[PDB]
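> The structure under discussion is supplied below as structure tokens; questions concerning it will follow.
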Number of protein chains: 2
Amino acid sequence: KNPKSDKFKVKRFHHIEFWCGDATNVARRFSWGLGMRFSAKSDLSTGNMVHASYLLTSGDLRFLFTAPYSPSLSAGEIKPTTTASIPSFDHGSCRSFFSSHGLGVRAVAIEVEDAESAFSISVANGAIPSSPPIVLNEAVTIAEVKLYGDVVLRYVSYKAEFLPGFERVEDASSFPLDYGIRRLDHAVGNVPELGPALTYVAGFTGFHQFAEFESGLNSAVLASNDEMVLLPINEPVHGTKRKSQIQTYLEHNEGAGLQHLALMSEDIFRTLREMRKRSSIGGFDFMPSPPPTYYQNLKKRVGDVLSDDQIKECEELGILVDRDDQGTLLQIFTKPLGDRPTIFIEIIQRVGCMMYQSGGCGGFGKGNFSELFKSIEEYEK
Amino acid sequence: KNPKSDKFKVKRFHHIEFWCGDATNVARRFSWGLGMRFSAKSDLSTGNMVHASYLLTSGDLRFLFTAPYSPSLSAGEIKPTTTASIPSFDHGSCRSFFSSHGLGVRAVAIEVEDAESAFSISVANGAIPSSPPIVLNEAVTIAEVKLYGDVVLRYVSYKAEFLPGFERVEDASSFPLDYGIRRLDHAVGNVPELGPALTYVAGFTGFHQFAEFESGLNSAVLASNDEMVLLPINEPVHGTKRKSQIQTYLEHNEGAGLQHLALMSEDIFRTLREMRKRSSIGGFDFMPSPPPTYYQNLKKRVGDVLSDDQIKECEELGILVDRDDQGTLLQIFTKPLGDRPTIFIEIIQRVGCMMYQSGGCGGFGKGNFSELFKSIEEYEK
Ligand SMILES: Cc1c(C(=O)c2c[nH]n(C)c2=O)ccc2nnn(Cc3ccc(F)cc3)c(=O)c12
Ligand SMILES: Cc1c(C(=O)c2c[nH]n(C)c2=O)ccc2nnn(Cc3ccc(F)cc3)c(=O)c12
Ligand SMILES: [Co+2]
Ligand SMILES: [Co+2]
């Protein structure tokens with residue numbers, strides 16, 4: 001059931017912004033590890049005395065990395081005279097965010113028809129304002145409301161490349177890496193209490209609950225009208241024998257925040273081959289692979305969807321598989337992206353639900369919790 | 001003239017420690033960009049609830065990257081019960097350092113015969129204490145005094161791998177990169193006033209002035225008895241037509257600090273080929289190359305030391321050349337390592353002064369300032 005209750009017109013995920021202490025080093029690491037090209041910048045060389053911001057792209061996926069300069073460089077400015085390209089930026093907020101959470105996502109940005117309208121309707125419907133709508137060079141409007149913890153939902157709308165004041169990166173400095181990643185599929189938050197989090201976010205967006213089918217979590221997924229903006233939220237389950245990874249997140253993150261970003265690949269086998277080649281030379285590590293029992297049991301569950309060789313290719317790469325009543329999902333998870341056991345990345349590819357592919361085809365892999373347990377115990381004996 | 005006036009026995013540069021906001025991403029970027037292997041760690045997985053520290057090595061060169069965890073993880077500890085592997089570490093100091101300076105060097109560490117003695121004699125001779133001597137697992141002693149700005153000189157001495165509490169990194173996670181870098185040759189500080197800086201440091205070390213031969217700087221080099229520990233210091237020259245890069249450093253760094261690290265290569269041609277291959281895929285960029293006039297003028301200055309082909313190989317790679325009365329120096333400079341125009345890296349190789357090679361053979365390239373100016377103007381007309 002999809003009531004299509006969005007309170008304003010939502011298009012697609014637009015970008016994810018990481019708040020960093022040094023944007024250069026994080027961006028260069030992510031670029032190599034994920035095969036994303038350097039495509040725009042806003043920094044000292046473009047007249048920005050406030051923050052350094054570097055944009056990586058792969059397909060439609062946009063990762064923005066931002067860090068503050070010394071406030072002394074801009075101590076003469078006021079908001080009307082600012083050289084910041086992102087007017088919501090604040091030195092104190094950024095430093096407090098990074099010192100509290102370490103490296104993580106500050107903004108989940110979605111493109112909307114009208115960011116001022118989206119902001120107004122949101123706040124009229126309970127959203128906590130974070131940064132009021134601001135029109136950039138009479139061309140782009142940006143506005144921010146609180147999502148959870150210190151994460152904001154950012155609304156971007158265009159009259160009519162990234163943002164005004166960003167410069168396209170010279171192609172000598174821009175190497176065309178590409179491991180097959182194409183867009184953001186979903187962005188997942190961890191909170192202490194799922195109920196109030198859902199009530200708040202669904203309250204100001206009109207996003208609806210996306211229908212699903214002792215693992216440490218309860219979860220629910222909020223979705224836009226065409227279910228292409230997908231925002232799952234987790235809460236921990238306490239008392240379990242094994243400590244909830246959601247609770248570990250909250251402890252090491254100092255509270256709520258973004259847990260993982262799921263990046264859609266047009267060829268998950270190529271993506272994972274390329275990423276795994278680079279794991280030990282500056283890229284990303286992957287969680288320990290499932291035992292071969294898991295892949296033996298894959299014939300009985302998706303043998304009509306994947307060939308024996310395609311299943312073999314999953315086993316070499318550690319890929320996980322789950323299935324809905326409508327589609328099949330291939331997924332795998334990185335180890336945490338930084339020092340803390342907090343944010344990680346999921347790579348996914350969806351098979352089915354062709355109409356274009358409908359959003360969320362195959363679900364989010366909730367069955368792989370059960371299946372991982374079974375396979376692990378099976379392998380032991 | 002070398003009076004050999006060291007006030008305590010100094011051996012070699014031991015390591016350089018960067019204070020980071022996320023140690024993982026900086027270390028992975030540096031590892032790929034410089035061809036340094038991951039060789040030890042101290043972090044949550046080793047019982048350290050205080051800081052994440054990752055060690056990269058290439059030959060004898062040791063780069064340490066450290067970042068704080070949430071203070072809540074260790075809020076029950078006291079210094080007698082600390083899980084930190086570096087007892088001088090302080091959350092507040094680290095966060096204040098990184099927010100003030102961005103990514104940069106916190107500690108220049110030298111190995112000495114007796115770190116407690118080195119600390120005591122230093123402080124008796126004007127050194128400002130930073131962290132008192134502490135014996136780690138009855139095997140290693142560490143002590144710190146202020147060097148300049150928020151940079152410390154760290155004394156390490158061994159009774160008898162890195163430090164106690166660090167674990168050797170599993171070889172699956174440890175890819176044996178190597179682009180030819182072998183040791184730290186010198187570490188250079190920028191200060192507002194050279195005179196008082198030199199008087200202070202030479203005062204508590206007994207290090208002597210290493211003899212040299214409108215560029216923005218005055219400088220002088222302090223050296224240990226065998227001149228293998230080399231600590232140049234710069235001050236800006238004001239009023240010039242072109243703004244002093246030393247003054248730009250001080251402004252963007254919020255005061256004094258480490259300007260560059262010079263890393264000796266056993267094969268600078270291989271190092272620069274390997275580093276330049278990776279510049280646009282996660283590694284380091286290099287300063288713009290000299291005009292071909294510079295390389296035309298190289299025959300007249302070092303034609304007895306480098307063949308025509310070896311000079312051609314310098315031109316392809318942008319390498320600079322200078323000469324002493326005793327040796328020849330090959331050098332090149334990276335662009336800044338992070339967001340701010342502050343710290344950078346120099347790659348060097350020295351030819352001559354064989355006895356082992358004596359420290360500082362060939363000087364530090366001060367003549368390349370003059371020669372760059374001449375060559376640039378020559379190329380124009
Ligand atoms: C993250 C994830 C998803 C996922 O992406 C979503 C689930 N619900 N929604 C809305 C999602 O987007 C699906 C299946 C999974 N199966 N096993 N594991 C292993 C594991 C690693 C560390 C730890 F501490 C505990 C367990 C996963 O992490 C896992
Ligand atoms: C850093 C350096 C050294 C060096 O390493 C040392 C000099 N004295 N001592 C003790 C050293 O260790 C030697 C020769 C050089 N020749 N040209 N340039 C170009 C330049 C880049 C940016 C800017 F803003 C201004 C000018 C250098 O940077 C350069
Ligand atoms: Co997911
Ligand atoms: Co130098």
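Residue names in the structure tokens use chain letters A, B, ... in the order shown, residue numbers from 1 in each chain, and ligand numbers from 1 in the order shown.
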Which chains and residue numbers are within 9 Å of ligand 3, counting only C-alpha atoms and all ligand atoms, if I want them as a CSV table (one decimal) with N, CA, C and O atoms, in the first residue's frame?


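See part34.csv below for the written result:
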```csv
chain,number,residue,atom,x,y,z
A,185,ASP,N,20.8,4.5,-3.3
A,185,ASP,CA,19.6,3.8,-3.3
A,185,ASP,C,18.8,4.1,-2.0
A,185,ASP,O,17.6,4.3,-2.0
A,186,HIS,N,19.5,4.1,-0.8
A,186,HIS,CA,18.9,4.5,0.4
A,186,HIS,C,19.9,4.9,1.4
A,186,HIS,O,21.1,4.7,1.3
A,187,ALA,N,19.4,5.6,2.4
A,187,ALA,CA,20.3,6.2,3.5
A,187,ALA,C,19.6,5.9,4.8
A,187,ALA,O,18.5,6.3,5.0
A,188,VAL,N,20.4,5.3,5.7
A,188,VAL,CA,19.8,4.6,6.9
A,188,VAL,C,20.3,5.3,8.2
A,188,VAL,O,21.5,5.6,8.3
A,232,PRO,N,15.4,4.4,5.6
A,232,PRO,CA,15.2,3.5,6.7
A,232,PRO,C,15.7,4.0,8.0
A,232,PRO,O,16.7,4.8,8.0
A,260,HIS,N,24.3,3.8,7.4
A,260,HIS,CA,24.9,3.4,6.2
A,260,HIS,C,24.3,4.1,5.0
A,260,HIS,O,23.1,4.5,5.0
A,261,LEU,N,25.1,4.1,3.9
A,261,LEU,CA,24.6,4.6,2.6
A,261,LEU,C,24.7,3.4,1.7
A,261,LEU,O,25.7,2.7,1.6
A,262,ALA,N,23.6,3.1,1.0
A,262,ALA,CA,23.5,2.0,0.0
A,262,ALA,C,23.6,2.6,-1.4
A,262,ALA,O,22.8,3.4,-1.8
A,331,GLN,N,23.7,-7.7,-2.3
A,331,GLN,CA,24.2,-6.7,-1.4
A,331,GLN,C,25.5,-7.2,-0.8
A,331,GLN,O,25.8,-8.4,-0.6
A,333,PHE,N,28.5,-5.3,2.4
A,333,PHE,CA,28.7,-4.3,3.3
A,333,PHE,C,30.2,-4.1,3.6
A,333,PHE,O,31.0,-5.0,3.8
A,345,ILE,N,29.3,1.5,4.3
A,345,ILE,CA,28.7,1.6,3.0
A,345,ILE,C,28.2,0.2,2.6
A,345,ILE,O,28.7,-0.8,3.0
A,346,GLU,N,27.0,0.2,1.9
A,346,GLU,CA,26.5,-1.0,1.3
A,346,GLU,C,26.5,-0.8,-0.2
A,346,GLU,O,26.2,0.3,-0.7
A,347,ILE,N,26.9,-1.8,-0.9
A,347,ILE,CA,26.8,-1.9,-2.4
A,347,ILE,C,25.7,-2.8,-2.7
A,347,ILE,O,25.5,-3.9,-2.1
A,348,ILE,N,24.8,-2.4,-3.6
A,348,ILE,CA,23.6,-3.2,-3.9
A,348,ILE,C,23.4,-3.2,-5.4
A,348,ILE,O,23.7,-2.3,-6.2
A,363,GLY,N,13.4,-5.4,-1.6
A,363,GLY,CA,13.5,-5.1,-0.2
A,363,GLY,C,14.9,-4.6,0.2
A,363,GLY,O,15.6,-4.0,-0.6
A,364,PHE,N,15.3,-4.9,1.4
A,364,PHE,CA,16.6,-4.3,2.0
A,364,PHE,C,17.4,-5.4,2.6
A,364,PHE,O,18.5,-5.1,3.2
A,365,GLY,N,17.0,-6.7,2.4
A,365,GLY,CA,17.9,-7.8,2.8
A,365,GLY,C,17.6,-8.2,4.2
A,365,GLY,O,18.5,-8.9,4.8
A,366,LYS,N,16.5,-7.9,4.8
A,366,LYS,CA,16.2,-8.3,6.2
A,366,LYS,C,16.3,-9.8,6.4
A,366,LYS,O,16.7,-10.2,7.5
```

> Write down, as a ChimeraX atom specification, each residue of chain A that has any atom within 9 Å of an atom of chain B, counting only C-alpha atoms.

/A:20-33,35,37-38,43-44,52,67-70,72-73,95,98-103,172-175,177,251-254,279-283,285,337-340

> Taking the backbone alone, and naming residues the way the document does, which bits of range 225-312 of chain B are strand (DSSP E or B) by DSSP, as JSON, numbers by chain?

{"B": [230, 231, 232, 233, 234, 235, 236, 257, 258, 259, 260, 261, 262, 263, 264, 265, 286]}

> Selection from above, C-alpha atoms, as a CSV table (one decimal), in the first residue's frame, can you write it?


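Just written: selection_23.csv:
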```csv
chain,number,residue,atom,x,y,z
B,230,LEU,CA,68.5,18.2,10.9
B,231,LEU,CA,65.9,20.8,11.9
B,232,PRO,CA,65.7,23.8,9.7
B,233,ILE,CA,63.6,26.8,10.8
B,234,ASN,CA,62.2,29.6,8.6
B,235,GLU,CA,61.0,33.1,9.3
B,236,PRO,CA,59.2,35.3,6.7
B,257,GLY,CA,54.3,24.9,13.0
B,258,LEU,CA,56.0,22.3,10.8
B,259,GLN,CA,56.3,23.4,7.2
B,260,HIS,CA,57.7,20.4,5.4
B,261,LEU,CA,59.1,16.9,5.8
B,262,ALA,CA,62.0,15.9,3.5
B,263,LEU,CA,62.0,12.2,2.7
B,264,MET,CA,65.1,10.6,1.3
B,265,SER,CA,64.6,8.2,-1.6
B,286,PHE,CA,53.5,18.1,-7.2
```

> What are the DSSP helix (DSSP H, G or I) residues of range 113-358 of chain B, as number ranges by chain?

B: 115-124, 171-173, 194-205, 245-253, 268-277, 292-296, 298-302, 308-317

> Residues near residue 40 in chain B, anyone? I mean within 10 Å using only C-alpha atoms, not counting same-chain ones fewer than 2 positions away, as a ChimeraX atom specification.

/B:37-38,42,53-57,64,161-163,165-170,174

> Selected residues, C-alpha atoms, written as a PDB file, in the first residue's frame, please.


```
ATOM      1  CA  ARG B  37      53.105  -0.079   4.320  1.00  0.00           C
ATOM      2  CA  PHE B  38      50.631  -0.396   7.194  1.00  0.00           C
ATOM      3  CA  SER B  42      46.825   0.824  18.448  1.00  0.00           C
ATOM      4  CA  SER B  53      46.881   5.336  16.010  1.00  0.00           C
ATOM      5  CA  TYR B  54      48.101   3.811  12.742  1.00  0.00           C
ATOM      6  CA  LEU B  55      51.756   3.488  11.747  1.00  0.00           C
ATOM      7  CA  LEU B  56      53.029   3.535   8.154  1.00  0.00           C
ATOM      8  CA  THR B  57      56.608   2.558   7.324  1.00  0.00           C
ATOM      9  CA  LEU B  64      52.113   7.811  12.739  1.00  0.00           C
ATOM     10  CA  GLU B 161      58.067  -3.319  17.811  1.00  0.00           C
ATOM     11  CA  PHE B 162      57.068   0.348  17.560  1.00  0.00           C
ATOM     12  CA  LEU B 163      55.772   1.029  21.082  1.00  0.00           C
ATOM     13  CA  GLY B 165      50.528  -1.674  23.164  1.00  0.00           C
ATOM     14  CA  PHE B 166      50.905  -1.411  19.388  1.00  0.00           C
ATOM     15  CA  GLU B 167      50.164  -4.602  17.485  1.00  0.00           C
ATOM     16  CA  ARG B 168      51.870  -5.635  14.247  1.00  0.00           C
ATOM     17  CA  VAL B 169      49.356  -5.418  11.430  1.00  0.00           C
ATOM     18  CA  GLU B 170      48.104  -8.702   9.933  1.00  0.00           C
ATOM     19  CA  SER B 174      49.406  -5.091   5.074  1.00  0.00           C
TER      20      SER B 174
END
```

> What's around residue 379 in chain A at 7 Å? Count only C-alpha atoms, leave out sequence neighbours fewer than 2 positions away in its own chain, and write the answer as a ChimeraX atom specification.

/A:291,293,375-377,381

> Could you write out that same residue set with N, CA, C and O atoms as a PDB file, in the first residue's frame?


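Listed below is the output, selection-v9.pdb:
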```
ATOM      1  N   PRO A 291      30.021 -18.077   5.211  1.00  0.00           N
ATOM      2  CA  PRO A 291      30.612 -19.402   4.976  1.00  0.00           C
ATOM      3  C   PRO A 291      30.060 -20.020   3.703  1.00  0.00           C
ATOM      4  O   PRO A 291      28.998 -19.605   3.209  1.00  0.00           O
ATOM      5  N   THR A 293      28.471 -22.615   3.229  1.00  0.00           N
ATOM      6  CA  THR A 293      27.106 -23.087   3.435  1.00  0.00           C
ATOM      7  C   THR A 293      26.090 -22.086   2.898  1.00  0.00           C
ATOM      8  O   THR A 293      25.129 -22.470   2.219  1.00  0.00           O
ATOM      9  N   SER A 375      23.342 -20.225   8.128  1.00  0.00           N
ATOM     10  CA  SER A 375      24.520 -20.655   7.383  1.00  0.00           C
ATOM     11  C   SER A 375      25.735 -20.813   8.288  1.00  0.00           C
ATOM     12  O   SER A 375      26.508 -21.768   8.135  1.00  0.00           O
ATOM     13  N   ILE A 376      25.931 -19.880   9.224  1.00  0.00           N
ATOM     14  CA  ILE A 376      27.083 -19.947  10.120  1.00  0.00           C
ATOM     15  C   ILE A 376      27.032 -21.219  10.958  1.00  0.00           C
ATOM     16  O   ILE A 376      28.008 -21.978  11.028  1.00  0.00           O
ATOM     17  N   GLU A 377      25.889 -21.471  11.605  1.00  0.00           N
ATOM     18  CA  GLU A 377      25.745 -22.680  12.413  1.00  0.00           C
ATOM     19  C   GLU A 377      25.868 -23.939  11.559  1.00  0.00           C
ATOM     20  O   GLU A 377      26.464 -24.931  11.991  1.00  0.00           O
ATOM     21  N   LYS A 381      28.904 -27.255  12.042  1.00  0.00           N
ATOM     22  CA  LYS A 381      28.668 -28.691  12.070  1.00  0.00           C
ATOM     23  C   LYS A 381      28.441 -29.230  10.659  1.00  0.00           C
ATOM     24  O   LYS A 381      29.327 -29.167   9.807  1.00  0.00           O
TER      25      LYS A 381
END
```

> Can you pull out the residues contacting range 204-208 of chain A? Cut-off 12 Å, using only C-alpha atoms, and skip same-chain residues under 2 positions away; I want them as a PyMOL selection string.

chain A and resi 1-10+110+112+117-129+145-147+153+155+197-202+210-211+220-232

> Measuring atom to atom with only C-alpha atoms and all ligand atoms, identify which of B:164, B:216, B:362, B:47 is nearest to ligand 2.

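Looking at the shortest contact to ligand 2, the residue is B:216.
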
> If you count only C-alpha atoms, which residues fall within 9 Å of residue 152 in chain A, apart from same-chain ones fewer than 3 positions away, as number ranges by chain?

A: 105-109, 130, 144-149

> For the atom pair CA of residue 78 in chain A and CA of residue 39 in chain A, what is the interatomic distance in Å to one decimal place?

28.9 Å

> Measuring atom to atom with only C-alpha atoms and all ligand atoms, identify which of B:312, B:62, B:243, B:159 is nearest to ligand 2.

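Selected residue with least distance to ligand 2: B:243.
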
> Compile the contact shell of range 134-142 of chain A as a compact mmCIF listing (two decimals) with C-alpha atoms, in the first residue's frame: residues with an atom at most 9 Å away, counting only C-alpha atoms, same-chain residues fewer than 4 positions apart removed.


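Output contents, as saved in out31.txt:
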```
# COMPACT_ATOMS: atom_id res chain seq x y z
CA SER A 85 29.30 28.60 -1.24
CA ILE A 86 27.06 26.71 1.19
CA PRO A 87 25.41 29.45 3.29
CA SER A 88 24.15 26.96 5.88
CA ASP A 114 10.57 24.20 -4.65
CA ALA A 115 12.94 24.25 -1.67
CA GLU A 116 11.28 27.26 -0.04
CA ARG A 154 18.59 19.28 2.82
CA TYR A 155 16.15 20.49 0.16
CA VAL A 156 17.66 21.63 -3.15
CA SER A 157 15.63 23.01 -6.06
CA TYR A 158 16.72 24.45 -9.41
CA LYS A 159 15.08 27.12 -11.54
CA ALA A 160 16.79 25.58 -14.58
CA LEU A 163 25.90 24.74 -6.85
CA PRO A 164 26.79 28.35 -7.67
CA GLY A 165 30.31 29.17 -6.57
```

> Can you work out the spacing between CA of residue 309 in chain B and CA of residue 271 in chain B in Å, to one decimal?

17.4 Å
